[PDB]
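Asker: The sequence shown begins at 1 in the authors' numbering and counts up one residue at a time.
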Amino acid sequence: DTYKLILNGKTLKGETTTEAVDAXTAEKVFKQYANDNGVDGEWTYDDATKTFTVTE
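(1) Would you kindly work out how many angstroms separate the C-alpha atoms of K31 and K13, rounded to a whole number?
(2) Helix or strand or just coil, what does DSSP make of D40?
(3) Among residues of its own chain, excluding the 5 on either side of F52, which ones have a beta-carbon nearer than 6 Å to its beta-carbon?
(4) Going by beta-carbon coordinates alone, are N8 and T55 separated by less than 7 Å?
(5) When we look at the beta-carbon of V21 and count the other beta-carbons within 10 Å, is it buried (16 or more) or exposed?
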């Protein structure tokens, strides 16, 4: 399924999606993607929208 990541850095903001077999896989893509973007933060997931958010 399509999983989504909202990057809410202090100043750097964006979003990306990945196609993954499960939300394990998508998280362990996204938790690489945020750390390419230099956004270390706190992580939440919303299963209703299959969306991860990292907030700095």
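Ideal Cβ positions, reconstructed from N, Cα and C, are used throughout, including at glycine.
Answerer: Checking against the coordinates, here is how it stands:
(1) Cα to Cα, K31 sits roughly 15 Å from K13.
(2) coil
(3) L5, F30, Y45
(4) yes
(5) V21 sits exposed, since fewer than 16 C-beta atoms from the chains shown fall within 10 Å of its C-beta.
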